[PDB]
Amino acid sequence: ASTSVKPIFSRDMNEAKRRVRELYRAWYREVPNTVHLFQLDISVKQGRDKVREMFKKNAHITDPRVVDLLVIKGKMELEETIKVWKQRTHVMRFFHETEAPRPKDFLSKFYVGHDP
Amino acid sequence: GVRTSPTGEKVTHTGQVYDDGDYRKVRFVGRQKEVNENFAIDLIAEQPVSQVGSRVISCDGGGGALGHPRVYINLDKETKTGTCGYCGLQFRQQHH
Amino acid sequence: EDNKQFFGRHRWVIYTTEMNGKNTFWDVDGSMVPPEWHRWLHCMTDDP
Amino acid sequence: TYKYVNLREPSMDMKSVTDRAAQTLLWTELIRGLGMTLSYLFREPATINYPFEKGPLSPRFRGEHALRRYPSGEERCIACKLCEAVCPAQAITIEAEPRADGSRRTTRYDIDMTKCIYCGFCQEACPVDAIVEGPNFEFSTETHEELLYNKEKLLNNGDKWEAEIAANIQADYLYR
Amino acid sequence: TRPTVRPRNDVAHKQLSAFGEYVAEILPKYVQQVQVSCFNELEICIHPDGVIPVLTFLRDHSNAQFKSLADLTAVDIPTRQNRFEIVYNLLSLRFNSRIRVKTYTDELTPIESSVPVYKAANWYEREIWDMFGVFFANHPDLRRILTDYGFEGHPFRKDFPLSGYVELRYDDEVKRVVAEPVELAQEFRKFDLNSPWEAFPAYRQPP
Amino acid sequence: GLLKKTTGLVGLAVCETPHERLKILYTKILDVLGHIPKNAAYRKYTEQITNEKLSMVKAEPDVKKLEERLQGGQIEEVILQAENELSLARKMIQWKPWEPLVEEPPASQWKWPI
Amino acid sequence: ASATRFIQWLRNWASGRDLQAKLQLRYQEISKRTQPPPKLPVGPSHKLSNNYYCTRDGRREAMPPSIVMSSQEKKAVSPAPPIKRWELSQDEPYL
Amino acid sequence: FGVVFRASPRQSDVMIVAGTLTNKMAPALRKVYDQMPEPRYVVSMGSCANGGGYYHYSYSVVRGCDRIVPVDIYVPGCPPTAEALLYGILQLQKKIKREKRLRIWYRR
Amino acid sequence: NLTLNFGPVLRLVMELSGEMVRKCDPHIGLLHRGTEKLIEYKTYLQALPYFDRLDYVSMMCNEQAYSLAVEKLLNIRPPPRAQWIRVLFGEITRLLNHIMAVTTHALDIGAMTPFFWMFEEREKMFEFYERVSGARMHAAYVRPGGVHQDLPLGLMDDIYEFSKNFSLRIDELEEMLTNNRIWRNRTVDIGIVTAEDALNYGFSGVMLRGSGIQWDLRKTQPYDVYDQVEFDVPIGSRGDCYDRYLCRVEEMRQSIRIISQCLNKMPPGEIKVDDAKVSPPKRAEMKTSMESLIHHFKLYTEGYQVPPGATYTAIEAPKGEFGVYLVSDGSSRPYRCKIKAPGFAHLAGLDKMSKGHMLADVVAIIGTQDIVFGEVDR
Amino acid sequence: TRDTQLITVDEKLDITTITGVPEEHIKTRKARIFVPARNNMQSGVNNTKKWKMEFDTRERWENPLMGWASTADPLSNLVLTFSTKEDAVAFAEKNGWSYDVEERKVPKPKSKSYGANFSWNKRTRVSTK
Amino acid sequence: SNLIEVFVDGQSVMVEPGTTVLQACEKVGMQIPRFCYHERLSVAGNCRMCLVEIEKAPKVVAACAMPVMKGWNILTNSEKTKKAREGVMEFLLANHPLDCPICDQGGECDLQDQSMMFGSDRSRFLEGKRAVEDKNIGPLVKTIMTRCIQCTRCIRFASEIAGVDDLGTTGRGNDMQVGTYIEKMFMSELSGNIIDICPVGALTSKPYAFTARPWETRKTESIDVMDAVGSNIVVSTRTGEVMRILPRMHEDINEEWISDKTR
Ligand code: SF4
Ligand code: SF4
Ligand code: SF4
Ligand code: SF4
Ligand code: SF4
Ligand code: FES
Ligand SMILES: [K+]
Ligand SMILES: [Zn+2]
């Protein structure tokens with residue numbers, strides 16, 4: 001029917017969620033090695049917080065196929081970090097250290113510009 | 001026809017000049033403001049009006065293929081000269 | 001000019017030692033050639 | 001049709017095998033290479049004495065953009081924006097209005113010479129030979145802002161290079 | 001003759017038409033449409049399930065021997081529900097002919113990797129993944145090939161902005177190259193060039 | 001004729017018994033085609049071309065003359081293609097292309113321009 | 001060209017070839033840099049009659065692709081006849 | 001002129017950025033610059049390195065190498081002729097000739 | 001094993017086992033500029049200069065590939081003189097690329113002197129480009145419909161004078177490389193490709209002819225006036241770097257052979273299609289005729305509309321089969337322009353060709369593939 | 001009759017997390033799905049055939065150095081073409097953009113008659129021709 | 001129930017009696033070329049650019065004014081129809097001035113576009129062109145009347161839509177001129193609309209003169225607030241500046257017109 005579609009890897013959320021945890025464990029265990037090889041100025045705890053935050057923003061997904069892609073992309077990101085294909089600049093682009101915070105309240109937006 | 005503003009900055013042929021309180025004048029400190037000295041509006045006024053003996057004259061700017069597209073100018077109106085739309089040259093009809 | 005030299009070395013300019021109030025005895029620049037001679041010096045024409 | 005580059009069988013007769021033995025032991029073919037570079041030592045070098053000598057160019061050479069005038073001093077540009085619409089690098093910015101005497105002229109004509117790809121399409125598209133690429137190729141600057149030309153810089157180039165632009169156009173206008 | 005018009009080759013149009021029916025008869029399970037353009041180029045439009053069967057037949061069959069994969073690319077048409085069109089350009093040195101094979105997929109449906117058939121598809125599929133976001137199943141090594149490490153988005157999608165979302169810059173405070181939201185000193189000037197008058201009546205679509 | 005020294009193609013070795021190699025391969029292709037339904041187009045077309053090539057092998061002893069008859073380049077290139085045809089026919093049995101179309105496209109999938 | 005006869009012999013012998021016949025430096029055998037003005041020809045469509053554009057319009061003779069098959073006994077065929085075998089060069093078959 | 005054809009980065013005095021600087025290549029170029037012993041100069045050659053040129057509006061092009069490293073001479077062209085680049089090297093030599101490192105030190 | 005990240009525009013991530021190469025993984029994209037996405041925002045004439053800058057050693061052979069594709073969709077035919085100019089400068093360009101390929105390859109493995117001898121010849125061939133277009137490299141001279149301008153008087157005599165002496169220049173290059181045992185040691189039996197692997201890995205050009213495959217698009221699928229010239233296709237026998245080096249050096253000799261015939265058989269006529277809805281009119285008639293000015297105005301603002309369709313047009317560029325898959329939607333801007341760079345498939349096979357070789361052989365293998373990263377990355 | 005094993009997925013298609021778009025440009029934007037109005041300067045109707053999707057205009061300011069128009073909006077130049085209204089809404093919904101759909105405006109069929117220019121009694125008679 | 005059957009290139013289309021050949025071709029998506037016909041003005045039939053071949057009929061018929069008959073087959077793309085369009089285009093451009101680069105209509109001119117699509121690609125006119133004196137009809141509409149192709153749209157719009165019978169044709173033959181004869185200003189609350197209907201650069205917006213080209217403007221569809229009608233407009237902007245205001249078709253509010261204040 002219309003709702004019948006090929007799976008990427010997972011046939012339902014339960015199988016997809018397994019791959020999410022397997023990815024989280026791989027990421028969780030590479031922050032100390034990443035913070036060491038790249039000689040980052042951040043701590044391991046805040047490096048693991050960023051991993052947690054990335055896994056949290058897209059936590060409302062219910063389509064098994066979308067989850068597979070998010071894990072496929074997540075593994076590609078992990079492979080680049082482990083292989084040291086990335087450099088110190090690429091690892092630190094998750095932290096946005098150079099752009100001032102954009103205020104989220106209505107009044108603060110109203111003073112600075114026309115954007116909502 | 002370069003005029004100078006009260007502060008001293010040259011006015012360009014487009015009429016551009018920074019006001020007195022404009023901070024952008026700081027780019028010319030230690031440097032200069034490049035202003036072309038030959039104002040086109042003034043040089044095309046110096047050209048004499050051409051007296052032709054027909055109602056319609058054609059201008060191609062001079063030089064044949066090196067000029068501008070050839071256009072025909074109507075000279076029936078005796079209260080003004082017929083100006084070429086591309087090059088500004090003026091024409092008049094002899095005693096009519 | 002020396003037309004017995006091979007193409008490229010058959011024309012050259014010895015720059016002035018003073019141009020527009022600047023001492024160019026040792027400091028010479030390729031942009032000091034005026035446009036009329038620029039054409040002849042770069043072989044865009046045969047007529048100086 | 002085709003040919004084989006490396007499909008020859010070396011002779012095995014005793015003379016040929018000894019000719020190859022002499023080449024290996026006595027380095028004969030390595031000594032031809034020495035002869036070919038000793039030849040070049042006694043050839044006149046191809047170097048020219050820049051900046052006193054210049055590399056040859058042609059009237060079509062595409063160099064620094066410039067804005068031209070009619071023989072009367074009037075600008076040739078009538079703010080049509082065909083050059084702006086064809087610039088592949090979108091390096092031309094034009095604004096226009098009715099001049100004080102009613103003429104159709106630009107109030108802005110900028111070329112970002114760091115966006116320009118020096119392709120000459122603008123001078124192809126101009127119906128009045130206003131914007132051209134002159135013969136100049138020595139205008140390197142020490143700051144990025146000196147390469148953002150406005151209408152004054154381009155008009156100054158035209159007055160500065162008209163004597164040479166006009167003769168280059170006269171030499172090549174019959175091919176275009 | 002007519003000096004300014006491209007001469008037709010009706011012999012090559014006939015031959016490619018016959019071979020198109022040949023392929024449509026031998027693989028009815030996948031072939032969905034066969035067409036020959038006015039300049040004699042054969043296109044076989046297939047179901048995505050037939051990527052390996054159809055390509056293998058064209059590579060190995062004695063009357064096809066399409067042993068070169070000239071190119072493999074994708075085209076993004078957002079108006080279709082299967083927005084991506086996967087295109088295979090094959091060459092046959094035996095019969096001195098070319099054939100084009102087309103299929104389709106969407107942002108989520110995998111396509112089968114044709115690496116087992118043509119080894120040349122290894123990098124072409126990575127470029128399709130990198131630039132369009134089409135996932136190829138059973139690819140030996142699938143990852144970005146052209147985009148910067150950690151690049152977000154797929155640039156060749158029709159909805160991806162031309163200048164992207166981030167630009168790089170060296171920050172002296174942190175002593176490294178950083179990425180920030182893109183701000184252009186001069187915005188790209190969008191020209192609307194289309195003429196309001198129909199150019200080619202032969203391609204008019206029904207009302 | 002005297003056996004050639006090389007086929008000219010790197011990695012393609014010279015075959016010393018081309019006729020016997022082609023008879024086996026062609027006869028083996030026909031045997032595999034017997035497992036395909038009679039109405040399948042792949043059966044009808046592959047048997048037709050295979051028989052023509054097999055007829056030429058049995059009808060011409062000279063290798064150079066056989067190569068011109070078959071129009072497949074060096075005889076070693078004909079043998080390699082017969083090996084590719086044989087591996088293709090085996091795989092078609094698993095694919096079963098002769099079946100009806102798996103699915104239809106959406107209404108305007110192959111419409112150009114949009 | 002300004003080299004003396006002696007150095008000419010030395011360069012020639014070391015190379016093994018007569019270099020003075022083919023010098024890599026261009027002397028006065030190249031075209032003059034000021035040429036006479038041209039007068040280029042016109043194309044086949046420069047006519048005053050019998051030149052309607054509907055009879056020489058290539059773009060409007062393009063047609064949409066022919067649909068040989070769609071989803072909305074006989075002899076087997078190949079895309080084209082087998083490629084004819086190449087012939088060895090008569091100019092220099094073996095380098 | 002004394003300008004060797006190609007020196008190793010650790011023996012080099014001037015860096016010629018000749019071509020398009022993409023985002024993927026930007027950190028590599030900065031690292032080579034940071035490892036150049038001083039005095040060090042940068043020559044931006046062509047429109048791509050000057051301001052992005054033909055690819056100014058691309059998602060993967062640094063809009064001018066002068067966002068990554070400081071630039072001493074900009075050479076316009078696409079490409080600048082070999083003579084135009086040479087005119088830019090001779091302008092860098094004239095720029096070194098105008099330095100006053102010891103005068104500034106003396107008057108400090 | 002030892003992992004070396006040979007950073008830079010090529011980044012090789014090799015896995016060495018002693019002195020042998022166990023795995024070569026080219027990391028590319030250091031010159032990816034989004035050319036294909038930019039072309040979608042340009043008219044067809046505006047997208048032409050983008051093709052000079054893909055294989056920037058064979059500039060006027062890239063333009064011809066694009067022009068043949070747009071002409072195929074336009075259903076027009078460039079005039080006969082324009083096709084002889086396009087075949088004359090196609091072979092001058094092939095000399096430019098093969099000088100850059102052989103000599104840079106030689107310079108990489110130590111031989112630095114032939115680079116300077118032949119780059120004087122390149123300097124004289126850059127003058128032919130500058131006398132027809134005004135640019136030394138990125139001419140933008142070959143266009144859909146023909147060429148921009150006609151050859152200036154005196155050029156063909158200058159091409160003849162250059163072509164007389166060029167065989168002697170190749171003979172001097174061969175006195176340094178062909179028989180030199182050190183050069184043969186660096187190239188013979190290095191990077192061997194079997195004819196079947198070469199076809200399946202998408203190779204083209206001398207990457208096939210070096211392995212004995214008899215294929216050349218100039219003879220099997222001729223374009224322009226290549227069917228009216230006589231030349232030979234050099235074929236290798238071992239599939240190695242040395243045979244590929246001999247194919248390239250022999251192709252330069254055949255290019256001089258073709259240039260000799262273009263100069264003699266150059267016909268008269270116009271140099272762009274006499275159809276002012278595709279090719280702009282002469283400036284002389286753009287300034288006198290109303291129709292001409294209208295067509296000049298619209299060809300330089302909107303451009304010519306191309307009928308809807310899709311073509312894969314390919315040529316035998318010096319690097320190999322260069323083609324474009326060009327999709328038209330009926331408007332004046334391309335819908336899709338996929339570029340098939342021959343080096344993209346070649347460099348993908350570097351890993352296979354490097355198996356069982358030492359680290360210093362990887363430099364010779366990359367040279368024999370004739371890789372330019374303008375076309376690999378696009 | 002596909003051999004490939006399919007699965008059931010009953011949820012609205014949504015790809016916002018796998019497109020790489022910053023969250024600021026998915027939630028704050030306002031798509032507009034419309035058929036472009038005819039350019040009133042011309043009578044051609046060949047630009048009113050397809051549906052377009054464009055986004056809400058944002059700030060453009062004057063560049064201090066040259067007076068050029070600057071922008072910080074990555075979607076300012078983005079325009080998409082769709083065959084029908086439905087397949088344009090479908091694209092917006094899966095990308096997460098809020099949208100406004102404007103119904104196509106087709107010219108009303110007119111009753112035209114040349115003879116009415118010379119009417120005996122009615123007011124349609126023309127004074128000049 | 002009264003629909004008759006007519007064919008357009010063989011395709012059957014049912015049309016109410018009184019439908020013209022042009023209208024019947026618009027029911028199959030074909031737009032016949034036109035200069036003098038405007039669907040909101042009275043039919044004129046004097047540009048002859050709409051001539052189309054009726055199958056079996058020796059003479060081409062003005063599609064804008066010819067009521068279609070039962071069973072007619074309208075050959076909109078035959079050799080006879082295409083040769084009729086090139087002849088008429090050749091006559092329109094014979095005296096037209098080489099003004100495109102200085103003409104505000106360039107890039108959105110129906111004479112340009114239809115010349116590219118239906119006219120020839122070169123000229124055989126070897127004579128001198130006609131030049132025409134200019135008329136000052138107020139501060140809102142600039143008139144360069146050498147660009148006029150004598151289509152009479154302005155005359156009909158003023159007479160029928162605006163109710164001002166001040167425009168007309170004085171003279172005869174090739175010297176026929178459109179204007180007011182006397183020195184008079186066409187000052188009407190709907191006067192600015194003659195700029196739009198005029199297919200050429202003869203009538204242009206004087207405030208807008210020379211400021212922009214059509215291809216570089218961004219078009220925003222919004223509403224007018226100068227009055228309570230709610231006229232639909234398009235606001236043309238370039239580089240963040242407002243350049244001009246154009247009408248937008250709404251059949252129930254303003255058709256395709258706007259007032260001078262709105263414009
Ligand atoms: S030469 Fe090319 S890039 Fe430079 S301004 Fe002219 S059109 Fe633009
Ligand atoms: S320079 Fe030429 S093309 Fe550009 S706006 Fe001026 S007249 Fe038009
Ligand atoms: S030649 Fe032009 S396009 Fe190529 S790198 Fe240099 S500036 Fe960029
Ligand atoms: S009205 Fe049209 S054709 Fe006439 S000059 Fe103006 S733009 Fe050109
Ligand atoms: S001025 Fe314009 S609307 Fe009036 S008759 Fe002339 S072309 Fe037609
Ligand atoms: S539109 Fe019919 S004659 Fe003018
Ligand atoms: K108008
Ligand atoms: Zn004039």
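These values consider heavy atoms only, across backbone and side chains, with no hydrogens, waters or symmetry-generated copies. Both counts, for ligands and for their atoms, begin at 1 and track the order of listing. We name chains A, B, ... by the order of the sequence lines, and we start the count at 1 in each one.
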Check each of D:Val132, D:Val86, D:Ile117 against atom 3 (S) of ligand 1 and report the one with the nearest heavy atom. D:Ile117
For atom 8 (Fe) of ligand 3, tell me which residue out of H:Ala49, D:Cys119, H:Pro76, H:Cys48 has the closest non-hydrogen atom. H:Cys48
Taking both backbone and side-chain atoms into account, decide whether [X] has an N/O/S atom under 3.4 Å from the K ion (ligand 7).
{"X": "K:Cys109", "value": "no"}
{"X": "K:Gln105", "value": "yes"}
{"X": "K:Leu203", "value": "yes"}
{"X": "K:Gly201", "value": "no"}
{"X": "K:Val200", "value": "yes"}

As an exercise, identify every atom of ligand 3 less than 4.0 angstrom from a heavy atom of [X].
{"X": "I:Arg53", "value": "3 (S)"}
{"X": "H:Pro79", "value": "1 (S)"}
{"X": "I:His138", "value": "1 (S), 4 (Fe)"}
{"X": "H:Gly19", "value": "5 (S)"}
{"X": "H:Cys78", "value": "1 (S), 2 (Fe), 3 (S), 7 (S)"}

Under 4.0 Å, heavy-atom basis, I'd like to know which part of D:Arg62 is in contact with ligand 1: side chain, backbone, both or neither. neither
Relative to ligand 1, is D:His65 under 4.0 angstrom through side chain, backbone, both or neither, heavy atoms considered? side chain
Could you tell me whether the side chains of [X] and [Y] share a donor-acceptor contact shorter than 3.5 Å?
{"X": "K:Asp99", "Y": "K:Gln105", "value": "no"}
{"X": "I:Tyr56", "Y": "I:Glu375", "value": "no"}
{"X": "D:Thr106", "Y": "D:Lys151", "value": "yes"}
{"X": "I:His138", "Y": "I:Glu63", "value": "no"}
{"X": "K:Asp260", "Y": "K:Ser191", "value": "yes"}
{"X": "H:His56", "Y": "D:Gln90", "value": "no"}

At what distance is the nearest protein heavy atom to atom 6 (Fe) of ligand 1, and which residue and atom is it? D:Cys122 SG, 2.3 Å
Can you tell me if D:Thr141 uses its side chain to pair, donor with acceptor, with the backbone of D:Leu147 under 3.5 Å? no
Please confirm whether the ring centroid of D:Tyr118 lies under 6.0 Å from the ring centroid of D:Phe137. no
For D:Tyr149 together with D:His65, are the ring centres under 6.0 Å from each other? no
Numbering as shown, the atoms of ligand 1 that approach [X] to under 4.0 Å (heavy-atom distance):
{"X": "D:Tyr118", "result": "1 (S), 3 (S), 4 (Fe)"}
{"X": "D:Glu133", "result": "1 (S)"}
{"X": "D:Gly120", "result": "1 (S), 2 (Fe)"}

Close side-chain approach of K:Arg153 and K:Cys36, heavy atoms under 4.5 Å: no
Looking at ligand 3, does H:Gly53 have a heavy atom less than 4.0 Å from it? no
Among K:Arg40, K:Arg244, K:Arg263, find the residue that satisfies the salt bridge (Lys or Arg N to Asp or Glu O under 4.0 Å) test when tested with K:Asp196. K:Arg263
Assess the residue pair D:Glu124 and I:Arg143 against the criterion (salt bridge (charged side-chain N to carboxylate O under 4.0 Å, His left out)); give the C-alpha distance rounded to whole Å, side-chain angles, the decisive distance to 0.1 Å, and a yes or no. CA-CA 14 Å; D:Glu124 296 170 6; I:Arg143 313 197 179 181; 2.7 Å; yes
